[PDB]
Amino acid sequence: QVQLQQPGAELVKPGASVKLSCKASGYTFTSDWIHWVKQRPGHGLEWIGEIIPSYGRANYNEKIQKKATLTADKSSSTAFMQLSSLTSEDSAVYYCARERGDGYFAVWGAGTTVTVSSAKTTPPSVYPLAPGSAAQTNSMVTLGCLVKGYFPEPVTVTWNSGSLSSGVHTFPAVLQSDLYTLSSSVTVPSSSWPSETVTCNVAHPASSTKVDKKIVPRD
Amino acid sequence: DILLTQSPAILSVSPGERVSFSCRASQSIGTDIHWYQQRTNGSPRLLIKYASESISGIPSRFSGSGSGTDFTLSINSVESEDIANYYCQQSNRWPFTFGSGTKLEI
Amino acid sequence: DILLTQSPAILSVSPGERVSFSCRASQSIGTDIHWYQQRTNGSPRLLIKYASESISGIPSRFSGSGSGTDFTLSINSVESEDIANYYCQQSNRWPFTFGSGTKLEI
Amino acid sequence: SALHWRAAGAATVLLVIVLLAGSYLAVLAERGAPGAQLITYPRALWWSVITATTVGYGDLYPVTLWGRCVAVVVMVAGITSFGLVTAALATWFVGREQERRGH
Amino acid sequence: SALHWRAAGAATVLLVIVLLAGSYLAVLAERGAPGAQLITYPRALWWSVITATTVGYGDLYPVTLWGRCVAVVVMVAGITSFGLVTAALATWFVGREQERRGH
Ligand SMILES: [K+]
Ligand SMILES: [K+]
Ligand SMILES: [K+]
Ligand SMILES: [K+]
Ligand SMILES: [K+]
């Protein structure tokens, strides 16, 4: 099972604060330390701080502006990081990690993408992407779904509820008018479709919404 | 504050070829170095601990070496799935620090 | 005799912007570094002690960091009154020494 | 079982306890101090031993007030324990020496 | 209260005194010597302890004649004090062992 569970996203207006969590499971020891790591898109990993649940003490990075505050709940095995008075500069992915007090990060959480904007949350609209009636098919056929008009990042696109992973390309989101847009492509045997169904699963953590869109040949 | 320098930042290698990433600490740190692999949109994953110790689940293809200041992360016969960014990390002196990272291109 | 190097000697920064002064000792000195602020015609005043410890009366805006050889004095959102010369000082080895100083220009 | 044996027995137990506790506390006290090395448990235990025996090779040592305070407790318990063992031995030799003299 | 207890009690007091005085004097003696590190009181006290217990990790030490002379006095008082404590313990175990024998 997933040792460290982290919320998918957190939208925060400039000047406001947010409280990220990190549910921990599996073996736990009094010597465990929970670290937090910041990573802005396209950049490296930055050590933010750490805390030892058993005792409750936490330390922070002295080379940066303190924006976080770490706490822990021993009963629920959950670690929290309070980020305050945020600005776009604080927009990034915040990972939580577990160290058995031996210096290395044995396990990392999936990470919580935090966006700092005044814009409002908006679910994505999923549109199918089937070939044209004039398109010629080979031994393979390419399909997909168009996901546009969502905010903020990110979204996770899977095919056939995960069962279909091979030949899948999910392109980076493009920002235009306070809204992101991206598409996903999946290639499978020309023969297997549309006999064997193909559906795209699009989850948007920020809005707590997950829709499906079966791809069927045009009329 | 130990500065871990990772250079070059990008490394181009041909399939099945051997590759080696470099990480140099600003000061000596025994073998207190850990290597992580992070794929596109993926979370960091531990590869080698304390400079050369293997980790369960990780392919025997991955190896580490070095002591003091110069450390190396090696891969025998690189394949498509090794594509990603690689980071070293020291736990010799507080606070723990991270190398800027090296991307592997095939 | 520990040589504390402060460079650049002058630092131009825009209002409310973050700034960082540098001070590098000729040899390692743990965190035995002290920062002083001296305004035009004013007497030197202690800002940070032992590299990062705060001092009463001093604004939370001022912060310090570093260990060994490279030390940094930081200021979040610099305002008119921060204009002055800044000096680091080591007390690791006798005799105590002073960095040549860095002037802050707005 | 005589007291010098029982005490020597206890001294041992407590020493091991002091080492484990001192290891734990040294890390808790030293993390957060720029440049400190006594920050991981395994080497923190080695440090505690080399301190308790008084060997102190110099590879690791505390830099903070608390780390040094913890260090002193480890030193004392270590010197006392080994020292109490010496006491017991002397007591052991004394008794038997008296017997050897018919007393 | 027996003498071994009273003496052990005193040894403690004097030791602490030797540490404080040795801390003060180490600084007075070492400042003025180019490159000396035993020049601030807090670390000077830590140094005195690690010397008295004989741990001597090597992070700090005197370079001048006087600093080393001060250092010797700290060493001696430390070894004697802890050593006298051992003496008292042995005496304590001996007495009780005699009783355990009906003497
Ligand atoms: K010794
Ligand atoms: K030594
Ligand atoms: K040494
Ligand atoms: K002895
Ligand atoms: K020694």
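To find a chain, count down the sequence lines: A is the first, B the second, and so on, and within it residues start at 1. In what follows, every heavy atom counts, from backbone to side chain, and hydrogens, waters and symmetry copies are set aside.
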Exercise. With a 4.5 angstrom heavy-atom cut-off, which part of E:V85 approaches chain D: side chain, backbone, both or neither?
Worked result: neither

Exercise. For D:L3, is it the side chain, the backbone, both or neither that has a heavy atom under 4.5 Å from a heavy atom of chain E?
Worked result: both

Exercise. Nearest heavy-atom pair of D:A2 and E:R96: which atoms, and what distance?
Worked result: CB-NH2, 4.4 Å

Seminar exercise, completed: All heavy atoms of D:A87 vs all of E:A90, minimum pair found to be CB-N, 3.5 Å

For this session: Would you mind reporting whether E:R101 and D:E99 have side-chain heavy atoms less than 4.5 Å apart?
Result: yes

Exercise. Which residues from residues 42-66 of chain D are near chain E, with near meaning under 4.5 Å between non-hydrogen atoms?
Worked result: D:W47, D:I50, D:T51, D:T54, D:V55, D:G56, D:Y57, D:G58, D:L60, D:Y61, D:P62

Going from [atom1] on [X] to [atom2] on [Y], what distance comes out if it is rounded to the nearest 0.5 angstrom?
{"X": "D:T80", "Y": "E:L89", "atom1": "OG1", "atom2": "CG", "result": "7.5 Å"}
{"X": "E:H103", "Y": "D:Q98", "atom1": "NE2", "atom2": "CD", "result": "8.5 Å"}
{"X": "D:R6", "Y": "E:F93", "atom1": "CZ", "atom2": "CZ", "result": "11.5 Å"}

Exercise. Can you tell which of D:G78, D:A71, D:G83 has the highest number of heavy-atom pairs within less than 4.5 Å of chain E?
Worked result: D:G83

